[PDB]
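Enquirer: how does the following fold in three dimensions:
(2 chains)
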Amino acid sequence: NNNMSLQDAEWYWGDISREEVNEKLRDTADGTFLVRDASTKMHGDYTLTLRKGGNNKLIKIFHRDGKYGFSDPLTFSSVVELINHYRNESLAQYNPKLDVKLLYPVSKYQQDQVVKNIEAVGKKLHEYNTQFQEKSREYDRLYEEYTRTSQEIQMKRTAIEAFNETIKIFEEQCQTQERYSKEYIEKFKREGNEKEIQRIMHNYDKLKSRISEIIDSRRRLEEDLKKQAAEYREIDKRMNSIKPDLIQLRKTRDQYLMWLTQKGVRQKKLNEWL
Amino acid sequence: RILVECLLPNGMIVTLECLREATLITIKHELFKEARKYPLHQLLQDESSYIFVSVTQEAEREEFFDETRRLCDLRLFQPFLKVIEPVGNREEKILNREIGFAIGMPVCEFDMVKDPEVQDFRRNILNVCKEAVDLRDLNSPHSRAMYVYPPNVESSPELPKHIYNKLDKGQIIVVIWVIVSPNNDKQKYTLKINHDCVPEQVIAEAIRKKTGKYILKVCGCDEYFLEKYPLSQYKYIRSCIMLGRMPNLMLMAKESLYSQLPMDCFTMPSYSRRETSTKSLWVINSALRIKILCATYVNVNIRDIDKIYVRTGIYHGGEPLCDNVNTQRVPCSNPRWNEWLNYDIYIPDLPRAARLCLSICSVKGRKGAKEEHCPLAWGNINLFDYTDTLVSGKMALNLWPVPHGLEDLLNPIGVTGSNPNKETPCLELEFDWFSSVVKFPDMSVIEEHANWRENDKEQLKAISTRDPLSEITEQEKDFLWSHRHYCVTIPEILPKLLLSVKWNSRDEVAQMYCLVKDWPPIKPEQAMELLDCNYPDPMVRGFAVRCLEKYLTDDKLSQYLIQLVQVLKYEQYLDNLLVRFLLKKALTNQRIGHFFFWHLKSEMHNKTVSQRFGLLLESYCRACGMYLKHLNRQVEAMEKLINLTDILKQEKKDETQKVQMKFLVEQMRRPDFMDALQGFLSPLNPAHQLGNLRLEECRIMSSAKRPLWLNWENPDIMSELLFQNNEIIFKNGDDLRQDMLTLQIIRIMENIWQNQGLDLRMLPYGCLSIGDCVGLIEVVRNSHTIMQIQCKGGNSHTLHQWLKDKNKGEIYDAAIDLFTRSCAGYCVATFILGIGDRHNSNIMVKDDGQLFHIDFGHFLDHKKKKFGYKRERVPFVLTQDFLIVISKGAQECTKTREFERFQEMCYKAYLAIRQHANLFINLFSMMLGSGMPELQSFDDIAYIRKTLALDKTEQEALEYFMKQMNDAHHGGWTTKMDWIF
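Expert: Numbers count the residues shown, from 1 in each chain, chains lettered A, B, ... in the order given. Please see the structure below:
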């Protein structure tokens, strides 16, 4: 290469704060780095950030006596000199704990060259905005539906538990009455009164009819529960299907907005008029 | 008409027409009355031997010992009554029923769990419960009134100097009402007394001028003077001094207060009564190893995705201890991996608070060169349990759904544990089996594991002054770690020193433990930031809890109660020092305990922390005492109000408001509503008692979702002096956590400005969220929206002429200056915080001239972040209507002192807040995990960092402020009123 300037350097960045550094340096490979101006706004200070060990670091560059360097003594007259020096040499001798090279620099040139008439791009961005807003409205409505459906799943879950408890208490009552009624039917059949025997068949028939009714209720409620669970699973699948294209359109819209901003045309005061 | 199908124990049934108002006494009487006609009646025993049982509407077979309770409020399932023999005592069963009703879910679910941590916490928290209970009875009967009516005083007995001049040479005129003997009549005495007076000599002077023996009381509500504090320290007295009001107090008898105050008793539940050398963890020599067996099932399509994988990594708080380790992308048809996973971390280097954060992510190749990822579900696993043992062996983990608005692959700040539901994606885990139980080493191994001055200290203080989220570099970290032994002289640097160390080591972590164990105690506000998600170490949180125990007072504890409740979720284990301190403080202060209960009660709709908070309500309700009756009454009132709302909000969208009013009044003719809505303390303030419920001024307005306006007559004996009617808006369908946070921040800013020496007073009214999008709003009497003010006025002078004719004479200038000060305070607050734009309706003006804001939404500029653009917005633009009042309608402001006074007071407010910004940074850092869309990570606190211009020094912060509030005002805000240098 050559001694190409700092302004057009790939790793250098302009008015950049922490949140966008974290946005670009998110889940990237080890050694990924960039250089931006310090938030202290001291003239010609600059800070180096790199993702080593799974977390973003913040190297400070000193500008004492018009010279650059990581610490006393300063041995580089330009930032590019030590940037290339530490790109071509590991940091093992400098710091025993830190052992990494400046492998992959973060460069905006890729996004500058993959983007590709002002009215045409303006209406394209407007259509992108409309699609984004309708997709987000669909996302919000169906997320509300998903949460609500989970609420009804919980409600019929409690209903199923209550029905199950009623079934167990009724079967326990039936077992207890069968166990404590077999030792008194002998006298009843010896005396032979048709009225009270008819009454016991009538009462047992009514009780068994009620048991059948509540069993039918439990079965239909559990059928409703499983079909609503299937609908809930389908809604979740739709969520997982429509999340990634939504976030991709979000990134595309942000890229277009940042390109328009760096172009210098103020679209915020004209697009809103419509 | 209610048909109840009784179930007799002898095998017969009956279809009986049961009246709505009949209780179980009549049911049992008429049941046994007709039993004789039925056969086999001889087998029946006496009524005592049989007790009715049934299954409740909330799906639990709950005992029914409440024989005198009415039929309407039984929350019963399908109508049937079961008769069994008694199987236990009655007092604890009634207590458990009341506790479960207060919490929301029955204690049977809490009892029927298999997790040993839940049972151990339930068994062990009762120790501090009974300790607090016996502590509150140590000075009986004085301590009983101490608990029930604790003093509402301020932290320091010293009076601010700027308000001492407001007094008549440091003395207060005090009016003392007293009942003569036959009651009634209006007999008034007024006494002049200084500020540092104590109530015993106050009553001594009152008695000695009349012609532990009497007690004071604030007229209108229940506030009492008990403890040896200066009379000016009480909040009521200070409020009256600020308002220039005569403090109305009445004299009562201590014996009557002791008689009307009920007794308190604590009963131990039935579950209360229910070697080996081992090798340390630091001797194992092997990397951490995880096996992902399979995922049972995931919710993702076949023709919309191609391949999925699990994205997992070790964390310590939010700081990864190692890089994320992935698996081979398997097809989504068969989520089977069977892949051993290795990490670049050794077992002895694992910190105590280490976690295993994992997620299921889907990769889409697309035609683009770069591939994108989208998480499916997430789940966090503690590598250690509450018994300090490394997790091992077979384990299955249920996975939570991804939060809305979160796009990062993992969720390292989240609840550790499995989703309670079983219809969720379950990931199969497996840990290395070390043929034994691996335990974290005890304090001795750490303690003796270790041990194996220049004037350039200004850098340490300089980095101490910066905010916790300031830019910190590894040069700063190395400087901090190198001079850690000299950091004792500056205890401020403890959070920065903690953030300097990296937690994937052992020797330096031991050294940090040795340092923290000998750290001097620090300010409660400086130790409160040590409780957020960034400090998960048990020793650090123990030190912070110790500092809160030593130095935090009850006033400040009630000030920061909501954040202290919030940081209970960040605690990894159920039993810890923070919850013990919170429960000890809530069991010795009824006012604190009330808000504790209501905060935790609101925060249980979230199933992530449902169990860990349900256990807290369980323990507190066991140990709170007689307050259960008032809490149950409040809960009944709130749930009936919720029913009243949601039977109309969704079912009556398409009808006119007249039919809605008819529906509302016809249920307000149902005696149950009046019966429940009487004589219960307001949840907003327990000192208020709500009496009768009138209907002439209880209605709904034309808002978006018809909030309920409710009025209660004050039943106090001499309520005429104070407010006569209590008005509360019951809002349903709007989240109020952000509103509570906004009002809290307003209260701290007002306190800061008052303490500093500025009369920049606001109106921080009362808000309380009681559950899902439901809450109570305290409304202000004699207040109007600017919208209706200008509507009745009419154009630009309507507010000015309103303030003219509402209070004319020598009081006009007082109204003008109060308006100016309130307007300046709210300008500064709304600029700094970033509340949504103000309208005519959002701004509320009082009769005497004070103004305030009522409608709050998102605070950290969340609503206007749809379009990506870094800029600062000023919501409270000063319209010409306000400038007319500020300048008193002057044509030109260049020869009036009012404009420059307004400027300088705004600048002083901004400088005060910029000096105290650490408190707000810590508060928004502690309130992160609440689940608000507007506050999800530190990028939101970056907004409050850049509106106060933390990075900029105090010089250009001024110029930045004036640039904001003049390009928002289209100019007109220029230069400096006085050049200092």
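Enquirer: residue B:914 should be in a strand, yeah?
Expert: No - looking at residue B:914 with DSSP: H, G, I helix; E, B strand; the rest coil, it is helix, so not inside a strand.
Enquirer: residue contacts, the closest residue to it other than its chain neighbours?
Expert: Nearest residue to residue B:914 in three dimensions, chain neighbours excluded: residue B:948, at 5.1 Å (C-beta to C-beta, 6 or more residues apart in numbering or on different chains). Quick note: C-beta positions are derived from backbone N, CA and C, even for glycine. By C-beta atoms under 8 Å, 6 or more residues apart in numbering or on different chains, the residues touching residue B:948 are B:832, B:913-914, B:917, B:957.
Enquirer: who wins for most neighbours among the residues you listed?
Expert: Using other C-beta atoms under 10 Å in any protein chain shown as the neighbour criterion, residue B:913 leads the contacts of residue B:948 with 24 neighbours.
Enquirer: so the nearest residue to that one once chain neighbours are set aside versus residue B:736, what's the distance?
Expert: In space, and not counting its chain neighbours, residue B:913 is closest to residue B:832: 5.8 Å by C-beta to C-beta, 6+ apart. Computed as C-beta to C-beta, to the nearest Å, the residue B:832 to residue B:736 distance reads 21 Å.
Enquirer: again, but for residue A:56
Expert: According to C-beta to C-beta, residue A:56 and residue B:736 sit 36 Å apart.
Enquirer: these two: who's more crowded?
Expert: When residue A:56 and residue B:736 are compared on other C-beta under 10 Å, the one with more neighbours turns out to be residue B:736, at 22 against 18.
Enquirer: burial count for the nearest residue to residue B:141 once chain neighbours are set aside?
Expert: Once flanking residues are discounted, residue B:141 sits nearest to residue B:258: 5.0 Å by C-beta to C-beta, 6+ apart. Number of residues near residue B:258 (other C-beta under 10 Å) recorded here: 14.
Enquirer: identify the residues contacting residue B:258.
Expert: With the criterion set at C-beta under 8 Å, 6+ apart, residue B:258 makes contact with B:141, B:144-145.
Enquirer: report the buried residues of stretch A:40-57.
Expert: Residues A:46-54, A:56-57 are the ones in stretch A:40-57 that count as buried (16 or more other C-beta atoms under 10 Å in any protein chain shown).
Enquirer: repeat that for stretch B:542-560.
Expert: For stretch B:542-560, the neighbour count (16+ other C-beta under 10 Å) marks B:542-545, B:547-548, B:551-552, B:554, B:556-560 as buried.
Enquirer: for stretch B:32-48, same thing?
Expert: Residues of stretch B:32-48 classed as buried by neighbour count (16+ other C-beta under 10 Å): B:35, B:38-40, B:44.
Enquirer: now do the end-to-end distance for it.
Expert: In stretch B:32-48, first residue to last residue: 12 Å (C-alpha to C-alpha, to the nearest Å).
Enquirer: residue B:71 and chain A: what is the separation?
Expert: Separation of residue B:71 from chain A (C-beta to the nearest C-beta, to the nearest Å): 19 Å.
Enquirer: so where does the residue nearest to residue B:141 fall, helix or strand?
Expert: helix B:254-260 (DSSP states H and E).
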